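Worksheet for the structure shown next.
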Amino acid sequence: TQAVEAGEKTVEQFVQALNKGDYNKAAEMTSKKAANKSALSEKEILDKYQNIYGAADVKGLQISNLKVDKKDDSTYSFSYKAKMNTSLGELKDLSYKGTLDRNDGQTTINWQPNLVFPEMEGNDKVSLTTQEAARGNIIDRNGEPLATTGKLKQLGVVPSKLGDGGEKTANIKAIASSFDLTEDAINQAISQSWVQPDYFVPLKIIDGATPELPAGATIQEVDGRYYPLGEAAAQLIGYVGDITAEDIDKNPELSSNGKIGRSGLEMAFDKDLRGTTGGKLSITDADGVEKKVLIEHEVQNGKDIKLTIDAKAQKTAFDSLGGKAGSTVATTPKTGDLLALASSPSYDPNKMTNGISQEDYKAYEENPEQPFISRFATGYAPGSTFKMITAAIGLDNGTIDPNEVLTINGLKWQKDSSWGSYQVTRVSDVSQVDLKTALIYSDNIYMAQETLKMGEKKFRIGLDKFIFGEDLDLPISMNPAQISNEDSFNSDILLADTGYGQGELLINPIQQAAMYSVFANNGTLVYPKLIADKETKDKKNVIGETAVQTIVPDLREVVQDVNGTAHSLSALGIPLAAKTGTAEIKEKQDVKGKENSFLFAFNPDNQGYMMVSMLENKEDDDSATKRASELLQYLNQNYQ
């Protein structure tokens, strides 16, 4: 027991040193090279672990069922079960045996080749064969490809077949002026460090038809991840990149020369799409002949993933933004299917995954509009579109009378003189404002007064019946919506601002479509759904059915009334109930009013579609309503 406990400590340190990848520290715990001792020296044990555990990508060696006895006077026998993770999976239940050595006051391990793998003997070799699994596809609700693996036309140049002098200058100009490529980049690619005279230097990937090949140009069809919608769904789908040496260290089950999802659904579903690597890890004889198989299973390709996205609605919603900063969400509000998740501006995922220069990558990250942001998953102030929620809350608790008319004089209003130089501002000087007039003209002073009349307690009681604080069950990384920073406003000004969707509210467009869905389900909140096979989840009795059948008739007037803020949508001639809205943000980059334009619209007859669009930091004379004409027509025809 005095030395049997110190012997178990030596086995614990030897296993730990192998687990931490430091094989030299484990080799120094072995006895000298002999017949009754260790079979190899210091550096020989090191190189054997570094080769075998390195080729199989062994990681995470942990043991159990450790038992150390006593064979001779200076020899203790140990044994333990162990498991490890390799390139082909898990090595469950491995019976290890060995003997210790209590020479002097330092116990060592009589190392044998059976400590690498159980049934290894002498000069036994280890081989590993692997077959890479094809990445699964991402399809829409109708089977259209959003992210598939197919053949790509690769344009390249051979420097030897270009010209010895003078002729090479005309061909580089003949290739740059025929494939829409930089004239100074074709010369730089053929003059890198890795380039040889007779090599094939790749350049650009031809998307559609291929033009005529000048002197030196040639096409070589290669395979790779292709995104048909391109930038129209870049933030949602994402892109895949080359797997690095450190990516394998975190997960040894990745292909050593495969593709790994870097963002979006390609990364959130990287396990379901990459499949599993097939092959065999076998111990062989000294002559190279097979002996014992440790792991073996066939290659299993990745499973396809079907979304609720509509490829046509996704491209229309993105193109309607015209490259401006903004986002658009289209849903079927009765089931929760996300028809389109557009974010603009965007980046090219095909150029991203098929070799991108670091100059074009710097343009993406240095763009002040930030095309890498998934704006449908970024928290914003909902804007004065939120006046629907504050009105519906006000109708349930009996605070707001739909027929009561407030008298508002001017464009600015403050409660008391204690507000200092702050005033709630409206755009239309309407003297007699009731609830219907406040929703048509988008009056902030009306809801600002009705919120203070309602009080903070009754306001939050109605607000807490929504999805504030909840984490939506979606494969999209996002933060939960919040009413404010703390559990109390502690400010009449902050309370009034929250009334018309300002203040410290933070709700991303996906969460907005969830809350606004109560107007298409008689007050029942329907949670959004991205995967097609998911079950519809709902939250009944968020607002009263009385408040819905009172606001929705008024929301029709926001489109039909000649002074309605969404009157330009009445040109469509379709049954529409909409609600506009703006939000003024005070950013510090250029001290000036950055205003965000919002639009919410849905079909009030069949509740077939629902849309929430936004223009971030909008230009002058621009709005989300000016751009929603095309998407609303498509959703009205195909989602009745």
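Each chain in the structure tokens gets a letter, A, B and so on, in the order shown; residues start at 1 in every chain, and ligands are counted from 1 in the order they appear.
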Residues of segment 227-367 of chain A in helix (DSSP H, G or I), written as a ChimeraX atom specification | /A:230-237,245-250,265-268,270-274,311-320,349-353,358-366
Quick one: residues within 8 Å of segment 96-99 of chain A, only C-alpha atoms counted, chain neighbours fewer than 2 positions away excluded, as a list in words?
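Returned residues: residues 75, 76, 77, 78, 79, 80, 81, 82, 94, 101, 109, 110, 111, 112, 114, 115, 117 and 118 of chain A.
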Distance query residue 150 of chain A at most 12 Å, only C-alpha atoms, self and fewer than 6 positions along chain excluded, as an MDAnalysis selection string:
chainID A and resid 134:137 221:228
List as a ChimeraX atom specification the protein and nucleic acid residues near residue 328 of chain A, meaning an atom at most 6 Å away when only C-alpha atoms are counted, but skip any in the same chain fewer than 2 places from it. /A:342,612-613
Now that the selection is made, can you save its residues with N, CA, C and O atoms as an mmCIF file, in the first residue's frame?
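Result written to selection-v4.cif:
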```
data_model
loop_
_atom_site.group_PDB
_atom_site.id
_atom_site.type_symbol
_atom_site.label_atom_id
_atom_site.label_comp_id
_atom_site.auth_asym_id
_atom_site.auth_seq_id
_atom_site.Cartn_x
_atom_site.Cartn_y
_atom_site.Cartn_z
ATOM 1 N N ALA A 342 -33.899 38.088 -45.397
ATOM 2 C CA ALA A 342 -32.974 38.866 -46.206
ATOM 3 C C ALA A 342 -32.236 39.880 -45.343
ATOM 4 O O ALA A 342 -32.802 40.441 -44.401
ATOM 5 N N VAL A 612 -42.235 41.924 -42.391
ATOM 6 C CA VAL A 612 -41.644 42.967 -41.557
ATOM 7 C C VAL A 612 -40.331 43.376 -42.211
ATOM 8 O O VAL A 612 -39.390 42.577 -42.273
ATOM 9 N N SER A 613 -40.267 44.613 -42.700
ATOM 10 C CA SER A 613 -39.090 45.133 -43.378
ATOM 11 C C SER A 613 -38.528 46.326 -42.616
ATOM 12 O O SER A 613 -39.232 46.994 -41.853
#
```
| Excluding same-chain residues fewer than 5 positions from segment 15-17 of chain A, what lies within 12 Å of it counting only C-alpha atoms, as number ranges by chain? | A: 8-10, 22-29, 46, 49, 59-64, 66, 79-84, 96, 109, 115-116
Closest atom pairs, segment 354-438 of chain A residues within 9 Å of segment 538-552 of chain A, only C-alpha atoms, as a Markdown table:
```
| residue | atom | partner | partner_atom | distance |
| --- | --- | --- | --- | --- |
| A:388 | CA | A:551 | CA | 7.4 |
| A:389 | CA | A:543 | CA | 8.8 |
| A:391 | CA | A:551 | CA | 8.0 |
| A:392 | CA | A:547 | CA | 5.4 |
| A:393 | CA | A:543 | CA | 6.9 |
| A:394 | CA | A:547 | CA | 8.7 |
| A:395 | CA | A:547 | CA | 5.8 |
| A:396 | CA | A:544 | CA | 6.2 |
| A:402 | CA | A:550 | CA | 8.2 |
| A:435 | CA | A:551 | CA | 8.7 |
| A:436 | CA | A:551 | CA | 7.9 |
```
* **DSSP strand (DSSP E or B) residues within segment 179-372 of chain A, listed as number ranges by chain** => A: 201-206, 217-219, 222-226, 240-242, 259-261, 276, 278-284, 290-297, 300, 305-307, 326-332, 337-344
Requested in this report: Please provide as a VMD selection string all residues within 12 Å of residue 104 of chain A, with the sequence filter that same-chain residues fewer than 2 positions apart are discarded (counting only C-alpha atoms).
Outcome: chain A and resid 3 31 74 to 75 101 to 102 106 to 108
Residues just named, written with N, CA and C atoms as a tab-separated table (two decimals), in the first residue's frame:
```tsv
chain	number	residue	atom	x	y	z
A	3	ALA	N	3.75	1.54	-1.50
A	3	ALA	CA	4.21	1.69	-2.87
A	3	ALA	C	3.14	1.40	-3.91
A	31	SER	N	11.14	2.90	-17.64
A	31	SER	CA	12.42	2.35	-17.23
A	31	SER	C	13.37	2.27	-18.43
A	74	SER	N	9.90	-6.29	-6.88
A	74	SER	CA	10.17	-4.98	-7.47
A	74	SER	C	9.35	-4.74	-8.73
A	75	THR	N	8.28	-5.51	-8.93
A	75	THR	CA	7.45	-5.40	-10.13
A	75	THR	C	5.99	-5.44	-9.73
A	101	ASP	N	7.71	-0.85	-12.07
A	101	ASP	CA	9.08	-1.12	-11.64
A	101	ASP	C	9.40	-0.20	-10.48
A	102	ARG	N	9.65	-0.78	-9.30
A	102	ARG	CA	9.89	-0.01	-8.08
A	102	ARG	C	11.37	0.06	-7.73
A	106	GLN	N	11.64	5.79	-7.20
A	106	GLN	CA	11.04	6.37	-8.39
A	106	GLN	C	10.46	5.24	-9.23
A	107	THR	N	9.13	5.13	-9.24
A	107	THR	CA	8.46	4.07	-9.98
A	107	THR	C	8.32	4.46	-11.44
A	108	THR	N	8.70	3.55	-12.33
A	108	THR	CA	8.58	3.75	-13.77
A	108	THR	C	7.69	2.68	-14.37
```
Review point. Out of A:579, A:627, A:324, A:20, which residue has the shortest atom-to-atom distance to residue 249 of chain A when counting only C-alpha atoms?
Key: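 Comparing A:579, A:627, A:324, A:20 against residue 249 of chain A, the winner is A:20.
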The distance between atom CA of residue 383 of chain A and atom CA of residue 500 of chain A is 6.6 Å
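In this comparison, which uses only C-alpha atoms, the residue of A:608, A:278, A:573, A:302 approaching residue 331 of chain A most closely is A:608.
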| said: Given only C-alpha atoms as the basis, pick out the residue of A:162, A:185, A:632, A:293 nearest to residue 600 of chain A. | reply: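 Selected residue with least distance to residue 600 of chain A: A:632.
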Could you name the residues that touch segment 350-352 of chain A at 12 Å or less, counting only C-alpha atoms, but leaving out those on the same chain fewer than 4 positions away, as a PyMOL selection string?
chain A and resi 146-149+152+203-207+224-234+237-242+261-263+346+356-358+360-361+364+372
Go ahead and write the selection's residues with C-alpha atoms as an mmCIF file, in the first residue's frame.
```
data_model
loop_
_atom_site.group_PDB
_atom_site.id
_atom_site.type_symbol
_atom_site.label_atom_id
_atom_site.label_comp_id
_atom_site.auth_asym_id
_atom_site.auth_seq_id
_atom_site.Cartn_x
_atom_site.Cartn_y
_atom_site.Cartn_z
ATOM 1 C CA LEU A 146 -29.729 26.841 -51.600
ATOM 2 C CA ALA A 147 -26.342 25.230 -50.848
ATOM 3 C CA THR A 148 -25.233 22.275 -52.980
ATOM 4 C CA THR A 149 -21.969 20.634 -54.048
ATOM 5 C CA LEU A 152 -17.563 24.591 -61.157
ATOM 6 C CA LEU A 203 -7.846 32.833 -61.540
ATOM 7 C CA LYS A 204 -11.627 33.290 -61.715
ATOM 8 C CA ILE A 205 -14.597 30.910 -61.648
ATOM 9 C CA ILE A 206 -16.985 31.195 -64.596
ATOM 10 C CA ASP A 207 -20.568 31.338 -63.339
ATOM 11 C CA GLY A 224 -16.921 22.683 -54.692
ATOM 12 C CA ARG A 225 -19.693 24.181 -52.618
ATOM 13 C CA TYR A 226 -22.005 26.311 -54.771
ATOM 14 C CA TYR A 227 -24.651 28.760 -53.563
ATOM 15 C CA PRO A 228 -27.297 29.428 -56.246
ATOM 16 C CA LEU A 229 -28.918 32.452 -54.586
ATOM 17 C CA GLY A 230 -25.500 34.006 -53.968
ATOM 18 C CA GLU A 231 -25.531 37.119 -51.800
ATOM 19 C CA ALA A 232 -29.342 37.019 -51.568
ATOM 20 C CA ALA A 233 -29.019 34.429 -48.771
ATOM 21 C CA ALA A 234 -25.397 34.807 -47.646
ATOM 22 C CA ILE A 237 -26.858 30.104 -45.327
ATOM 23 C CA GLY A 238 -23.259 31.127 -44.689
ATOM 24 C CA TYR A 239 -20.143 29.700 -46.275
ATOM 25 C CA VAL A 240 -17.679 26.846 -45.806
ATOM 26 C CA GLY A 241 -13.903 27.118 -45.665
ATOM 27 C CA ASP A 242 -10.843 24.899 -45.651
ATOM 28 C CA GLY A 261 -19.030 25.655 -42.072
ATOM 29 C CA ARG A 262 -17.803 29.070 -40.950
ATOM 30 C CA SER A 263 -21.071 30.980 -40.426
ATOM 31 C CA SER A 346 -24.384 41.318 -48.349
ATOM 32 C CA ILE A 356 -11.014 35.242 -52.046
ATOM 33 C CA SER A 357 -8.260 37.845 -52.059
ATOM 34 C CA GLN A 358 -7.469 39.662 -48.828
ATOM 35 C CA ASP A 360 -11.808 42.120 -51.288
ATOM 36 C CA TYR A 361 -12.118 40.581 -47.818
ATOM 37 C CA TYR A 364 -16.191 43.567 -46.684
ATOM 38 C CA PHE A 372 -21.352 40.452 -42.607
#
```
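Proximity ranking of A:459, A:603, A:477, A:370 relative to residue 555 of chain A places A:603 first, based on only C-alpha atoms.
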Looking at A:19, A:451, A:255, A:320, which one is nearest to residue 387 of chain A, with distances taken over only C-alpha atoms?
->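 Using only C-alpha atoms, the shortest distance to residue 387 of chain A belongs to A:451.
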Select from segment 321-423 of chain A every residue with an atom at most 12 Å from any atom of segment 589-595 of chain A, then for each give the shortest pair of atoms and their distance in Å to one decimal, using only C-alpha atoms, rows by chain and rising number, as CSV.
```
residue,atom,partner,partner_atom,distance
A:325,CA,A:595,CA,11.7
A:326,CA,A:595,CA,11.8
A:368,CA,A:589,CA,10.4
A:380,CA,A:595,CA,11.9
A:381,CA,A:595,CA,11.0
A:382,CA,A:595,CA,11.9
A:383,CA,A:595,CA,9.7
A:384,CA,A:595,CA,11.7
```
Export N, CA and C atoms of the chosen residues as a PDB file, in the first residue's frame?
```pdb
ATOM      1  N   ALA A 325     -28.719  49.403 -46.504  1.00  0.00           N
ATOM      2  CA  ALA A 325     -28.700  48.738 -45.207  1.00  0.00           C
ATOM      3  C   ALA A 325     -30.127  48.479 -44.734  1.00  0.00           C
ATOM      4  N   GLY A 326     -30.434  47.223 -44.434  1.00  0.00           N
ATOM      5  CA  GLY A 326     -31.768  46.873 -43.996  1.00  0.00           C
ATOM      6  C   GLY A 326     -31.950  45.369 -43.956  1.00  0.00           C
ATOM      7  N   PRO A 368     -18.603  50.474 -43.976  1.00  0.00           N
ATOM      8  CA  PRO A 368     -19.347  50.995 -42.817  1.00  0.00           C
ATOM      9  C   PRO A 368     -20.733  50.393 -42.664  1.00  0.00           C
ATOM     10  N   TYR A 380     -32.847  45.599 -32.556  1.00  0.00           N
ATOM     11  CA  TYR A 380     -33.122  46.986 -32.890  1.00  0.00           C
ATOM     12  C   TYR A 380     -34.272  47.493 -32.034  1.00  0.00           C
ATOM     13  N   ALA A 381     -34.424  48.808 -32.006  1.00  0.00           N
ATOM     14  CA  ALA A 381     -35.650  49.390 -31.484  1.00  0.00           C
ATOM     15  C   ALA A 381     -36.754  49.200 -32.518  1.00  0.00           C
ATOM     16  N   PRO A 382     -37.913  48.660 -32.133  1.00  0.00           N
ATOM     17  CA  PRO A 382     -38.931  48.318 -33.140  1.00  0.00           C
ATOM     18  C   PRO A 382     -39.509  49.518 -33.870  1.00  0.00           C
ATOM     19  N   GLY A 383     -39.318  50.732 -33.358  1.00  0.00           N
ATOM     20  CA  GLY A 383     -39.881  51.910 -33.984  1.00  0.00           C
ATOM     21  C   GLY A 383     -41.340  52.096 -33.624  1.00  0.00           C
ATOM     22  N   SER A 384     -41.938  53.137 -34.206  1.00  0.00           N
ATOM     23  CA  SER A 384     -43.341  53.431 -33.930  1.00  0.00           C
ATOM     24  C   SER A 384     -44.291  52.385 -34.500  1.00  0.00           C
TER      25      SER A 384
END
```
Quiz prompt | Nearest residue to residue 450 of chain A from the set A:219, A:176, A:406, A:624 (distances using only C-alpha atoms) | solution =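 Looking only at the distances to residue 450 of chain A, the closest residue turns out to be A:406.
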Next item on the list: Please measure the separation of atom CA of residue 464 of chain A and atom CA of residue 488 of chain A, giving the value in Å to one decimal.
Entry: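 Separation between atom CA of residue 464 of chain A and atom CA of residue 488 of chain A: 12.7 Å.
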